[PDB]
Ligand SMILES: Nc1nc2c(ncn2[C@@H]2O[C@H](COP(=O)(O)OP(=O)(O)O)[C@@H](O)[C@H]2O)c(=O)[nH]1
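Before any questions on binding or motion, here is one chain by itself as structure tokens, the form solved without guanosine-5'-diphosphate.
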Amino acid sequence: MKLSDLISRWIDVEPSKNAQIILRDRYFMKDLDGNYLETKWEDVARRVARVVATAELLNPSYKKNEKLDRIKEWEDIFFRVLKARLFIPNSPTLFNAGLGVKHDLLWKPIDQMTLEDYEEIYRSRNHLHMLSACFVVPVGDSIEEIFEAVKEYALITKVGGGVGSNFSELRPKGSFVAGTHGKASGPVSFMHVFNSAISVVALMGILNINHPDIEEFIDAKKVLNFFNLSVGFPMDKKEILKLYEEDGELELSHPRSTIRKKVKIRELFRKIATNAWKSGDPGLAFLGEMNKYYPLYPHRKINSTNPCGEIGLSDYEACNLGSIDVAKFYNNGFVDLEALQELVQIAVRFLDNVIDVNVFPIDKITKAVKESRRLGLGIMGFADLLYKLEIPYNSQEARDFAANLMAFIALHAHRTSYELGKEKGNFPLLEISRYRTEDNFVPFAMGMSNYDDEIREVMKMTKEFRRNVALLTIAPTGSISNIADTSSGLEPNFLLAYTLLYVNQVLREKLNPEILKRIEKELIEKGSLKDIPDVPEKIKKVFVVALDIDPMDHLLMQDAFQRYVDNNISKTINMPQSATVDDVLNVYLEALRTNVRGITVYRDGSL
């Protein structure tokens, strides 16, 4: 059906009292006296839609006469899509849209908006108007660069950004410092400062596997409570796998130190596994794998991710995200690829426009975003969608469907970026990117869909016109999925029921209302359906939660999506409390064989 039909079915559906708490809590704009400027989700949609459609001011394809019409059109479509909660941008966009803009412009009826009005919104966006979630900054090997980075951290965190860095440039603890004839503190010690900084104003800290301080880093939490830590693998994944299998040795070294050392790669991996087994940190960041698909590599280079891993970013680059709720696209046992296609084109445009009306706390970031125009279009509602299609999450069926769904989005996303590159101009760096200097460059692995051939061609076309360097991600959507009363990102539901009691909205519609009342006592207790008597088999099988799905089944779902995502993916590999450190190692080894670009594990009941 038409997207406009789908909008009708949804646009009048108000958020659950549950989502309404979150909204009143931190999304509804309040003035300085504290009073509410927004009291209904609808008000948010209007403000955001109006701000992001303002970008069309810059559109060189629009005649000045029609300029007001075009803008009003995009506002409306952005608005409708936003109010129906079919697509939602990252929290910073919802938080900060229109900050600095007069309160008489952001909500007034769209029929009263003049060109004057929009031009005014554009000009009055203030230094707080920061609409992107994900940042990376470098941390150079000097006191000067280090503390400039600490300041950068505080500035980005102030405006609601999440920032990460690779700290491997910092020379190892004990290394010679010429300027003081003393000895260097080492990266782990400096990280404590970044931590202290943020504790008064969420972070990704990466150290490469071959840094002499890697071992101290791996145990750094047992303090750095505001960091997620990942171990960095800048080399090819194949290469590390090979070394591990040969029980080979890895040389720890650094350019600005005489400190060097041999360590068994297996012992290094076991150290990481043990710590992760204990506490869920550190993760693995396959940086070399990210650059392999980075269109600007090696002119520019990905060294780190944002805090949740889903976006690989070069120095000073930032990325804005948004997700589509695919559970809302269910229609009589099928995914509505007609409405969805339309929505992808709209979302890519919305996200690309966000860049235009975005304000960053640092000029180097502004430059980097303008050069690349990286976007992060993703999905939520996936698990709930499977529930509707009655497909077990932990099944090859699920994974084939997943790869297929992502492929479709990937194809239409890059299609749209082609058209946007045509209408508005390419990203300035297209010319030096592999989309131009290579033949058959594809931003991701593929190999699990019938769509591949059509994707391979649309990549060829972006040799001439491309608005964005990369387009796709799967984020955690923790907060925006609660607003969209749907499941989070690509994750299965963690629980089907929990306390006022809640029961999954889709389980509610399949299961016999009678049974629901009986088993619920046990369900909230055991957090699963699989050992509850007299529940239809195919309901136990369909309505699986995170912990019903074994580690490998989580991994391979991540693989499936990653094959059609040119950025990274947020995926927790959940693990039974009974898992051993070896079980964790096996996940790492398997991960090295798949196409995943990062690994995060959490063993149930370990913290």
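All residue numbers are counted from 1 along the displayed sequence. Only residues modelled in both forms are compared. So that the term is clear: the rigid core is the largest set of C-alpha atoms that superpose within 1.5 Å between two forms.
Below, we refer to the form solved in complex with guanosine-5'-diphosphate, which is not included among the displayed structures.
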Ligand-site call, guanosine-5'-diphosphate overlaid in the deposited bound form, backbone or C-beta contacts under 2.4 Å, 3+ atoms:
open
Looking at 392-400, 429-437, 84-92, 335-343, which stretch has residues with any non-hydrogen atom within 4.5 Å of guanosine-5'-diphosphate in the deposited bound form?
84-92
guanosine-5'-diphosphate in the deposited bound form has a heavy atom of only one listed residue within 4.5 Å, and of 97, 348, 133, 484 that residue is 133
Picking from 358, 208, 314, 479, the single residue whose non-hydrogen atoms come within 4.5 angstroms of guanosine-5'-diphosphate in the deposited bound form is 479
Would residue 306 count as touching guanosine-5'-diphosphate in the deposited bound form under a 4.5 Å heavy atom rule?
yes
Is residue 234 part of the interface with guanosine-5'-diphosphate in the deposited bound form - any heavy atom within 4.5 Å?
no
Distance check, residue 202 to guanosine-5'-diphosphate in the deposited bound form, heavy atom within 4.5 Å
yes
In the deposited bound form, residue 161 touching guanosine-5'-diphosphate (heavy atom, 4.5 Å)
yes
Taking the rigid core as reference, which runs of at least three consecutive residues show Cα movement of 2 Å or more between the shown form and the other one?
500-502
